[PDB]
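Just one chain follows, in the form deposited in one PDB entry, and it is written as structure tokens.
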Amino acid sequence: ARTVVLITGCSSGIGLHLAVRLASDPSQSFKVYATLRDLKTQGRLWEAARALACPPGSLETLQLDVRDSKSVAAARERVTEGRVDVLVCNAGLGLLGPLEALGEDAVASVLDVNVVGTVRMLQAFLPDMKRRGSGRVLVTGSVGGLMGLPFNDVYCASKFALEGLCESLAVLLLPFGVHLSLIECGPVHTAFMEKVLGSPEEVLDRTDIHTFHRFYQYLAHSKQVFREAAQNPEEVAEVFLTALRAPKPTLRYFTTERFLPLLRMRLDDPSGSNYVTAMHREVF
């Protein structure tokens, strides 16, 4: 039994690099359980693990589908240590395009995986972290949870929710000695954006010409803004570590300092109209 860490969505991006960063730590103090929605996807994980010579006994891959309470509790009973000190809610789905262009199923999944799942992860672990009176939880934050971005309604929705689920919980947990931290990310080189963008071409068939133009117009800005500050998933894991070490973690950590002006100004405007203006005359 050492610092037992249970992380979700370890198949790629931040969930992978993190699992291996923690597991391969030179102070061999982290015993990580990298969970995966689907195990068949644990190749690149193991490959990296080997690439770092991440010592025997530290990383045990486990399967965990966030949109399944059955799948979650079982992956919990499989924690031989019988305790989790750090839980990391990381799984998540993206969604882009004209709101009217998405579908009900699509929308449900995003909120299903990104929010409810975070609830299942919490519901199953927090109890035990509470009677114990010690524990740490980390949730992969996002800009879209602190501000609104065009054609990112449902994702910014799923991420704004997490701000809610966490902050309210953070309150009650104060005397409980359990710790909640939202790692607020920005763009980052992960499997996340490399496919979710789908195919911008089909959109025109479920929207008006004026939005479609604006959808590509956003895409073009997106792609430029990404290849300007998309941080390395390793750089991002670094923040997860600094929170972990903090004796008294804060409600949130920020991986990039670029979105902090938009936020600052945004908070100086309660009606939210100065923000909407800026953000708009920024994307387009």
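Each residue number is its position in the shown sequence, starting from 1. What we label the rigid core is the largest C-alpha set whose atoms superpose within 1.5 Å from one form to the other.
- Figure legend: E167 is marked as modelled in all of the other comparable entries of the protein, none of which omit it, let alone a third.
- Compared with other entries of the same protein, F151 falls outside the group left without coordinates by a third of them; all model it where both flanks are modelled.
- Comparing the deposited coordinates for 164 to 172 and 104 to 112, the stretch with the larger average C-alpha B-factor is 104 to 112.
- Mean CA B-factor, 256 to 264 versus 269 to 277: the higher value falls on 256 to 264.
- Of the residues listed, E77, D85, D153, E184, the entry assigns the biggest Cα temperature factor to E77.
- Listed residues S134, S158, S71, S199 were ranked by CA B-factor as deposited; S199 comes out on top.
- For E235, the recorded CA B-factor ranks within the middle third of the chain. Only modelled residues enter the ranking.
- Placement of the Cα temperature factor of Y33 within the chain: middle third of the modelled residues, per the deposited record.
- In this PDB entry, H189 carries a Cα temperature factor that places it within the highest third of its chain's modelled residues.
- In this PDB entry, the Cα temperature factor of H210 sits in the top third of its chain's modelled residues, the highest group.
- Placement of the Cα temperature factor of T242 within the chain: middle third of the modelled residues, per the deposited record.
One more form of this protein should be noted, the form deposited in another entry, which is absent from this view; the next part is about it.
- After superposition on the rigid core, the single residue among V119, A73, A108, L197 whose C-alpha moves by 2 Å or more between this form and the one not shown is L197.
- Legend note: Cα of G117 to Cα of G198 is at least 3 Å farther in the other entry than in the depicted form.
- Relative to this conformation, an increase of 3 Å or more in the Cα-Cα distance between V110 and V196 is found in the other entry.
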